[PDB]
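Single chain ahead, written as structure tokens, the form deposited in one PDB entry.
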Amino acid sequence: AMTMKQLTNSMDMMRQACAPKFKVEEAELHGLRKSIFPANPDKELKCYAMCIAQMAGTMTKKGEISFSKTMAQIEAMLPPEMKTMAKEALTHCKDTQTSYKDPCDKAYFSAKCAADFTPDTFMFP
């Protein structure tokens, strides 16, 4: 798997690829990295999160969060410091998207469920 430093480098690249497309600012982005997710973000932040999950190949053509490739991702890619938190969060949070129709809401609120469940060391790009 990746080391923590390699994962950070990969997450910074994802953020560089996605953030410029959306009307987001540094503070709210720093917040998600530190696993602090607003309950009521504006739409641009929700779609930033979707862009990210899409980029990590965790999103479906249907505009849904894919359990199976997320698991494969986590297994192959994550360092021990993140891997067990991510597996537990995915199982804990897998039904979140069913309360939402819009794909940006599915992505963002699934990631919020994960952020809220885990401690502050669980990073999002």
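Residues that one form lacks are left out of the comparison. Residue numbers run from 1 along the displayed sequence. What we label the rigid core is the largest C-alpha set whose atoms superpose within 1.5 Å from one form to the other.
The next section is about a form of this same protein that is not shown, the form deposited with a small molecule bound.
Identify whether the small molecule in the entry with it bound is within 4.5 Å of every residue in the set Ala49, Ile65 and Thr70, based on non-hydrogen atoms.
Yes, all three are in contact.
Which residue, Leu45, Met85, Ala53, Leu32, is the contact with the small molecule in the entry with it bound, using a 4.5 Å heavy atom cutoff?
Of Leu45, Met85, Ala53, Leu32, the residue with a heavy atom within 4.5 Å of the small molecule in the entry with it bound is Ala53.
With the two forms fitted on the rigid core, I'd like to know which residue in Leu32, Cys51, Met82, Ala89 is displaced by 2 angstroms or more at its CA between this form and the one not shown.
That would be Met82.
Rigid core aligned, which consecutive-residue runs (three or more long, every Cα at least 2 Å shifted) show up between this form and the one not shown?
Runs shifting 2 Å or more: 80-82, 119-121.
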